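To start, the structure under review is shown below, and the notes come after it.
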Amino acid sequence: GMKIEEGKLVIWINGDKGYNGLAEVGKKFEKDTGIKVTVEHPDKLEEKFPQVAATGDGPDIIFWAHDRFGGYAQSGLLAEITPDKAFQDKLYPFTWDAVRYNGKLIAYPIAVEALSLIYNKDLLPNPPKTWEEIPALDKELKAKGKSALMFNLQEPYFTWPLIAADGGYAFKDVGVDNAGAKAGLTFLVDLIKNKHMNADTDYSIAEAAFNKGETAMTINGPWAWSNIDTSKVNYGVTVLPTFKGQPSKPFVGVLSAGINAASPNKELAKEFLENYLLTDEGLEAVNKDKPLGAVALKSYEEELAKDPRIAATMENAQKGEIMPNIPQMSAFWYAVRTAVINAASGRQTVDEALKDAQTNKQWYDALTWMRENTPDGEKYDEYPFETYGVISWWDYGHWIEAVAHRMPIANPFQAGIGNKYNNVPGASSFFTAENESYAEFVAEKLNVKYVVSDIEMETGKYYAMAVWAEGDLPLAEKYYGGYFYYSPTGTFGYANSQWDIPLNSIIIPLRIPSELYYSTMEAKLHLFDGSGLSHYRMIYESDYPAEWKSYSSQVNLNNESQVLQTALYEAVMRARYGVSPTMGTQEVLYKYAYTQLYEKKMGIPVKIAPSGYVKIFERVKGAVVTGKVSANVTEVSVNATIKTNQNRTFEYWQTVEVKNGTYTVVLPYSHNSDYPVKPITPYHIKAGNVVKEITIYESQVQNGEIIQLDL
């Protein structure tokens, strides 16, 4: 006979939830009513729902974290639910707040999720009730080869519960730079300054430290429990510590069930949810498949609560903050993530970090509003003639694009900046290129023939290039190491971390680059003068930075000892006022640091000496020299002395692997170019005890011609 259209309830839930258990509840409903219930778990259902809600594929009921439902309700996709007072009284009242758009309920709460304090009972049978207790506890444990506490410091989801504690921050606003946030962030950074925690501690490091028994406590959620069980750590889960007497405030996620505005069976959906799912029997079926954690239903929660871990989840959740809807949470996350990381790393003071977090949040909130309140929403989200422009100062264009999803008139991205994370050729991806092959990819795409670098690009501005290349402030931190200092006993030293520096030291306020920096194109070009590169040659350099032009009148710039002595002298002189060295001195210290820390591994020679403020290089095919290797060796080296137009000399080196009896080296300098920077020695090509000297014509370099030369 005829087909049927209102005969079924279609339910969508994510694949990581107990859908088989939910289907058992569906089977009971079907047995009782004859209405068949189909539980589906489509991939990306939370993205598909707004598209298909009104179609034949649309589900009658959708299960998801409450923080998507605001958006759904905003588009009119969810029916107002109508539970009576008796039914509302069956759930914890705070859970209903997660699904109320005021007055109106738009979903049924099912379960709640929040962070707890997790502790090792064998190291710490009585966990601390306050954050204030943690440093003394760490002192005790450090004596025994352990630490008190390790958790993910990289993500505001994990750090905000402490930062929000004082004043009990709630989302709309006070806002994020309020005095309570300053107190909490200050306490957090103090734990780092005093070595109770480490600023680079992330999720994986904290989880490994805890599950291998190295730290007494961690902060994490129910998703982390499985790995702990596997580790056989004797662990407990409990209420988060208070700060200044006030509860830590973790974000709360409430898994919720909304009813499709377009469903022709809203009353049956209500019946399924209220009288089948939200019962002890119903929640148990789902929970037995995959654990719901703490549930919104009081009667069942009181059964689950005999697992102390679940009791702890609910207690922290009742003390926490319902997570704001995704777009608000995102604006908050963007702003605060950088603040904590900058404060924790010493890039900024707590005050200035939270100050910028707040102003950044103003911008992110404004752009989020623009995204939801100006036309052509869905055409911009897939990110032509019928577009419009948003005009603002050029400093803001990338935010306008990334946050508002609108087209800025003044746009950083398309000013030839490019990036590394998406492989878009541009200045940032060229200068931070981690090998020449990558640099050549970028250069060829852009038809680069000349490179101009100054000492600012080498030093202070490199940071900006890395931020753009990585598309993120924190990600740029991997380009940097620690600090030079003089101890109170006069001993010169290097520390990976400022906090490892002895008290009363004189610290040179110049962050030294990490190994990664020295391998990038900007370093290869400006710091190493192009040494090692096959496709670039220097053709001109300007005069020295003025301070070094001046020093040269009383120091020999070719004596590394005198140069270093002079550099350290200036650095200390300025360091007493907390001022960084002059640019040329920064370069000298970068070179010195390389020779002390990284040269043994990387093997490129560099003289500790200053150099031209501005350097021009030409990009060339390079002359190819290749031949058989008769000597019993695995490498071939080529070197030449280059002299610039300032009469400074440096060494060009390149070393290649012998590949089955042959070598191939690509050389960018010629010996008859009309440029004022030129090699003043032939190339010296060495394979063991075999040494051969060669000079190259400019036509060979320009046309990439091949030279046969056996060794």
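For the structure tokens, the naming scheme is as follows: chains receive sequential letters (A, B, ...) according to their order of presentation, residues are indexed from 1 within each chain, and ligands are indexed from 1 in presentation order.
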
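Look at residue 475 in chain A: the protein and nucleic acid residues within 12 Å of it, using only C-alpha atoms and passing over chain neighbours fewer than 6 places away, are residues 154, 200, 337, 338, 341, 342, 420, 421, 463, 464, 465, 466, 467, 468 and 469 of chain A.
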
I'd like the contact shell of range 586-600 of chain A - 10 Å cut-off, only C-alpha atoms, skipping same-chain residues fewer than 5 positions apart - returned as an mmCIF file with C-alpha atoms, in the first residue's frame.
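result-v3.cif written:
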```
data_model
loop_
_atom_site.group_PDB
_atom_site.id
_atom_site.type_symbol
_atom_site.label_atom_id
_atom_site.label_comp_id
_atom_site.auth_asym_id
_atom_site.auth_seq_id
_atom_site.Cartn_x
_atom_site.Cartn_y
_atom_site.Cartn_z
ATOM 1 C CA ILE A 455 69.769 43.389 10.009
ATOM 2 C CA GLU A 456 66.251 44.095 11.345
ATOM 3 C CA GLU A 458 67.764 39.091 10.821
ATOM 4 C CA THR A 459 67.037 40.136 14.384
ATOM 5 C CA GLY A 460 63.987 41.925 15.810
ATOM 6 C CA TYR A 483 69.196 34.253 27.447
ATOM 7 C CA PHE A 484 72.821 35.179 28.071
ATOM 8 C CA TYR A 494 73.441 30.715 28.864
ATOM 9 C CA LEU A 510 68.000 39.576 24.012
ATOM 10 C CA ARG A 511 66.169 36.330 23.336
ATOM 11 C CA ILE A 512 68.629 34.039 21.571
ATOM 12 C CA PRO A 513 67.249 32.112 18.556
ATOM 13 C CA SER A 514 66.827 28.325 18.732
ATOM 14 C CA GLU A 515 68.460 25.762 16.452
ATOM 15 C CA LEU A 516 65.460 25.999 14.111
ATOM 16 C CA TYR A 518 69.690 29.017 12.230
ATOM 17 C CA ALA A 523 69.735 33.152 8.825
ATOM 18 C CA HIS A 526 72.100 37.433 6.496
ATOM 19 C CA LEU A 527 73.900 35.660 9.344
ATOM 20 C CA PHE A 528 75.855 33.121 7.288
ATOM 21 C CA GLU A 560 86.908 37.601 17.040
ATOM 22 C CA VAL A 563 84.666 41.815 18.651
ATOM 23 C CA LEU A 564 83.112 39.517 21.229
ATOM 24 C CA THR A 566 83.226 44.719 22.660
ATOM 25 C CA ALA A 567 79.798 43.147 22.057
ATOM 26 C CA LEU A 568 79.485 41.785 25.575
ATOM 27 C CA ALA A 571 75.319 44.376 25.976
ATOM 28 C CA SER A 580 68.573 45.279 24.482
ATOM 29 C CA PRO A 581 71.900 45.518 22.576
ATOM 30 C CA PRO A 605 81.483 28.052 9.851
ATOM 31 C CA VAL A 606 80.810 31.709 10.684
ATOM 32 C CA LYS A 607 83.198 34.436 11.864
ATOM 33 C CA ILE A 608 82.107 36.302 14.975
ATOM 34 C CA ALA A 609 82.056 39.713 13.355
ATOM 35 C CA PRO A 610 79.523 42.296 12.263
ATOM 36 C CA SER A 611 78.556 42.868 8.643
#
```

Exercise for the section: Tell me which of A:34, A:530, A:213, A:375 sits closest to residue 642 in chain A, counting only C-alpha atoms. Expected result: A:530

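Take the candidates A:457, A:73, A:452, A:228 and check each one against residue 616 in chain A using only C-alpha atoms; the shortest distance goes to A:452.
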
Practice task
Select from range 162-278 of chain A everything DSSP, run on the backbone, classes as alpha helix (DSSP H), then give the selection as a ChimeraX atom specification.
Solution key: /A:162-163,179-193,203-211,225-231,266-272

Restricted to N, CA and C atoms, what would the selected residues look like written as a compact mmCIF listing (two decimals), in the first residue's frame?
```
# COMPACT_ATOMS: atom_id res chain seq x y z
N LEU A 162 41.47 28.58 36.74
CA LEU A 162 42.21 29.28 37.80
C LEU A 162 42.12 30.78 37.60
N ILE A 163 42.30 31.22 36.35
CA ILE A 163 42.29 32.65 36.04
C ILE A 163 40.92 33.25 36.36
N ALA A 179 40.61 42.64 37.63
CA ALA A 179 41.60 42.41 38.68
C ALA A 179 41.70 40.94 39.13
N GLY A 180 40.58 40.22 39.07
CA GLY A 180 40.59 38.81 39.40
C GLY A 180 41.39 37.98 38.41
N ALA A 181 41.25 38.29 37.12
CA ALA A 181 42.02 37.57 36.10
C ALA A 181 43.52 37.87 36.26
N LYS A 182 43.86 39.11 36.61
CA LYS A 182 45.27 39.44 36.81
C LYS A 182 45.86 38.66 37.97
N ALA A 183 45.09 38.50 39.04
CA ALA A 183 45.54 37.75 40.21
C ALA A 183 45.78 36.27 39.89
N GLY A 184 44.84 35.67 39.16
CA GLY A 184 44.92 34.27 38.83
C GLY A 184 46.04 34.02 37.85
N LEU A 185 46.18 34.87 36.84
CA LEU A 185 47.25 34.67 35.86
C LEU A 185 48.60 34.91 36.53
N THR A 186 48.66 35.89 37.43
CA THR A 186 49.90 36.15 38.16
C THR A 186 50.33 34.96 38.99
N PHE A 187 49.36 34.33 39.66
CA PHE A 187 49.67 33.15 40.46
C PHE A 187 50.16 32.02 39.55
N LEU A 188 49.50 31.84 38.41
CA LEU A 188 49.92 30.85 37.43
C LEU A 188 51.36 31.10 36.93
N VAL A 189 51.67 32.35 36.57
CA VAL A 189 53.02 32.64 36.11
C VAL A 189 54.04 32.51 37.24
N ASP A 190 53.64 32.84 38.47
CA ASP A 190 54.53 32.67 39.62
C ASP A 190 54.93 31.20 39.83
N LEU A 191 53.98 30.28 39.63
CA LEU A 191 54.29 28.84 39.68
C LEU A 191 55.38 28.49 38.67
N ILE A 192 55.33 29.12 37.50
CA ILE A 192 56.35 28.92 36.48
C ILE A 192 57.69 29.57 36.85
N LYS A 193 57.65 30.83 37.29
CA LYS A 193 58.88 31.54 37.68
C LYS A 193 59.62 30.80 38.78
N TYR A 203 49.47 19.27 26.53
CA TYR A 203 48.62 18.11 26.84
C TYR A 203 49.40 16.79 26.92
N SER A 204 50.21 16.50 25.90
CA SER A 204 50.95 15.23 25.83
C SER A 204 52.01 15.08 26.91
N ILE A 205 52.67 16.18 27.24
CA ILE A 205 53.71 16.16 28.25
C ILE A 205 53.09 15.91 29.62
N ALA A 206 52.00 16.63 29.92
CA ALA A 206 51.31 16.48 31.20
C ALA A 206 50.74 15.07 31.38
N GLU A 207 50.07 14.57 30.34
CA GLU A 207 49.48 13.22 30.37
C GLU A 207 50.55 12.15 30.60
N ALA A 208 51.69 12.28 29.92
CA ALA A 208 52.77 11.31 30.07
C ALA A 208 53.38 11.39 31.46
N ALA A 209 53.60 12.60 31.94
CA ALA A 209 54.17 12.78 33.27
C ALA A 209 53.28 12.15 34.33
N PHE A 210 51.97 12.39 34.23
CA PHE A 210 51.05 11.83 35.22
C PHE A 210 50.99 10.30 35.13
N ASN A 211 50.68 9.79 33.94
CA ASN A 211 50.48 8.35 33.75
C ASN A 211 51.74 7.49 33.91
N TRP A 225 40.54 9.49 31.25
CA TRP A 225 40.50 8.40 32.24
C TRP A 225 40.96 7.07 31.69
N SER A 226 40.58 6.77 30.45
CA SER A 226 40.96 5.49 29.85
C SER A 226 42.48 5.27 29.85
N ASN A 227 43.24 6.28 29.42
CA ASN A 227 44.69 6.15 29.43
C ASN A 227 45.26 5.99 30.84
N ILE A 228 44.62 6.63 31.82
CA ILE A 228 45.07 6.49 33.20
C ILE A 228 44.83 5.06 33.72
N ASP A 229 43.64 4.53 33.48
CA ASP A 229 43.33 3.14 33.80
C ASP A 229 44.38 2.20 33.21
N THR A 230 44.70 2.39 31.94
CA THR A 230 45.71 1.55 31.27
C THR A 230 47.08 1.65 31.96
N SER A 231 47.41 2.83 32.49
CA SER A 231 48.71 3.05 33.11
C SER A 231 48.84 2.38 34.49
N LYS A 266 6.68 16.36 16.70
CA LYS A 266 7.30 16.97 17.86
C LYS A 266 6.80 16.36 19.18
N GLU A 267 5.53 15.96 19.21
CA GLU A 267 4.96 15.39 20.44
C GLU A 267 5.54 14.00 20.71
N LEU A 268 5.70 13.20 19.66
CA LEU A 268 6.34 11.90 19.82
C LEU A 268 7.82 12.02 20.18
N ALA A 269 8.50 13.03 19.63
CA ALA A 269 9.88 13.30 19.99
C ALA A 269 9.96 13.63 21.47
N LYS A 270 9.03 14.47 21.93
CA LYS A 270 8.95 14.83 23.34
C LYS A 270 8.74 13.59 24.20
N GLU A 271 7.83 12.72 23.77
CA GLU A 271 7.55 11.49 24.50
C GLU A 271 8.79 10.59 24.56
N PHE A 272 9.49 10.46 23.44
CA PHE A 272 10.69 9.64 23.43
C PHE A 272 11.73 10.19 24.42
```

Mind running range 308-406 of chain A against range 298-302 of chain A at 10 Å and telling me each contacting residue's nearest atom pair with the distance in Å (one decimal), counting only C-alpha atoms, chain and number ascending, as CSV?
```
residue,atom,partner,partner_atom,distance
A:310,CA,A:301,CA,8.6
A:311,CA,A:301,CA,8.3
A:314,CA,A:301,CA,8.9
```

Produce a file of the selected residues containing N, CA and C atoms, as a compact mmCIF listing (two decimals), in the first residue's frame.
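Resulting contents of again.txt:
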```
# COMPACT_ATOMS: atom_id res chain seq x y z
N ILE A 310 32.81 10.37 38.94
CA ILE A 310 31.65 11.02 38.32
C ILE A 310 31.09 12.09 39.25
N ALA A 311 31.06 11.80 40.55
CA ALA A 311 30.66 12.79 41.55
C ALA A 311 31.51 14.05 41.44
N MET A 314 30.57 16.16 38.36
CA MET A 314 29.37 16.96 38.61
C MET A 314 29.62 18.12 39.57
```

Handout entry: Spatial neighbours of residue 440 in chain A, 9 Å, only C-alpha atoms, chain gap at least 4 places, as a list in words
Key = residues 430, 435, 436, 444, 445 and 535 of chain A

Okay, now the selection with C-alpha atoms, as a JSON list (two decimals), in the first residue's frame?
```
[["chain", "number", "residue", "atom", "x", "y", "z"],
["A", 430, "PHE", "CA", 60.61, 32.51, 1.90],
["A", 435, "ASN", "CA", 65.66, 24.40, 3.56],
["A", 436, "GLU", "CA", 66.73, 25.74, 0.15],
["A", 444, "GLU", "CA", 60.11, 30.18, -8.47],
["A", 445, "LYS", "CA", 56.39, 30.68, -7.83],
["A", 535, "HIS", "CA", 71.17, 29.29, -5.82]]
```

Exercise for the section: Skip range 58-64 of chain A itself and residues of its chain fewer than 2 positions away, then list as a list in words all residues within 8 Å of it, counting only C-alpha atoms. Expected result: residues 9, 10, 11, 12, 13, 14, 46, 49, 52, 53, 54, 55, 56, 66, 68, 69, 255, 256, 257, 258, 259, 260, 262, 263, 265, 266 and 269 of chain A

Exercise for the section: List every residue of range 143-311 of chain A that DSSP, applied to the backbone of this structure, places in strand (DSSP E), and write the result as an MDAnalysis selection string. Expected result: chainID A and resid 147:149 215:220 235:238 242:243 246:247 251:259 294:295

Handout entry: Separation of CA of residue 131 in chain A from CA of residue 148 in chain A, in Å and rounded to one decimal
Key =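 Computing the Euclidean distance for CA of residue 131 in chain A and CA of residue 148 in chain A yields 11.1 Å.
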
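Among the candidate residues A:248, A:387, A:126, A:194, the one lying nearest to residue 407 in chain A is A:387, with distances computed using only C-alpha atoms.
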
Practice task
Extract, using only C-alpha atoms, all DNA, RNA and protein residues at most 9 Å from range 537-545 of chain A, discarding same-chain residues fewer than 3 positions from it, and format them as an MDAnalysis selection string.
Solution key: chainID A and resid 455 525 529:531 533:534 548:550 582:584 610:620 644:646 667:669 675:678

Report as a compact mmCIF listing (two decimals) with C-alpha atoms, in the first residue's frame all protein, DNA and RNA residues lying within 10 Å of residue 125 in chain A, evaluated on only C-alpha atoms, omitting residues in the same chain fewer than 3 positions from it.
```txt
# COMPACT_ATOMS: atom_id res chain seq x y z
CA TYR A 119 45.76 12.86 41.65
CA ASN A 120 48.11 9.96 42.35
CA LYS A 121 47.04 8.40 45.66
CA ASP A 122 50.41 6.72 46.21
CA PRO A 128 45.29 19.99 48.23
CA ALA A 216 51.30 13.90 41.82
CA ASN A 234 46.39 4.50 41.57
CA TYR A 235 44.41 7.66 40.89
CA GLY A 236 41.54 9.65 42.32
```

Problem - Pick from A:363, A:157, A:629, A:261 nearest to residue 81 in chain A, counting only C-alpha atoms - result: A:261

Problem - CA of residue 709 in chain A to CA of residue 439 in chain A, straight-line distance in Å - result: 27.9 Å

Problem - Minimum-distance residue to residue 33 in chain A, chosen among A:431, A:151, A:72, A:276 (using only C-alpha atoms) - result: A:276

Practice task
Please provide as a PyMOL selection string all residues within 9 Å of residue 99 in chain A, with the sequence filter that same-chain residues fewer than 5 positions apart are discarded (counting only C-alpha atoms).
Solution key: chain A and resi 66-67+69-70+104-109+254+256

With C-alpha atoms retained, write the just-selected residues as a PDB file, in the first residue's frame.
```
ATOM      1  CA  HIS A  66      24.760  22.770  23.807  1.00  0.00           C
ATOM      2  CA  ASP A  67      27.289  25.212  22.378  1.00  0.00           C
ATOM      3  CA  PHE A  69      22.418  25.026  19.635  1.00  0.00           C
ATOM      4  CA  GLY A  70      22.489  28.823  19.941  1.00  0.00           C
ATOM      5  CA  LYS A 104      12.669  29.700  26.003  1.00  0.00           C
ATOM      6  CA  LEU A 105      14.059  26.192  26.294  1.00  0.00           C
ATOM      7  CA  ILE A 106      15.364  24.808  22.982  1.00  0.00           C
ATOM      8  CA  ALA A 107      16.799  21.412  23.981  1.00  0.00           C
ATOM      9  CA  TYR A 108      16.840  18.710  26.657  1.00  0.00           C
ATOM     10  CA  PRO A 109      20.045  18.423  28.722  1.00  0.00           C
ATOM     11  CA  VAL A 254      26.122  19.916  28.241  1.00  0.00           C
ATOM     12  CA  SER A 256      21.741  18.145  24.673  1.00  0.00           C
TER      13      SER A 256
END
```
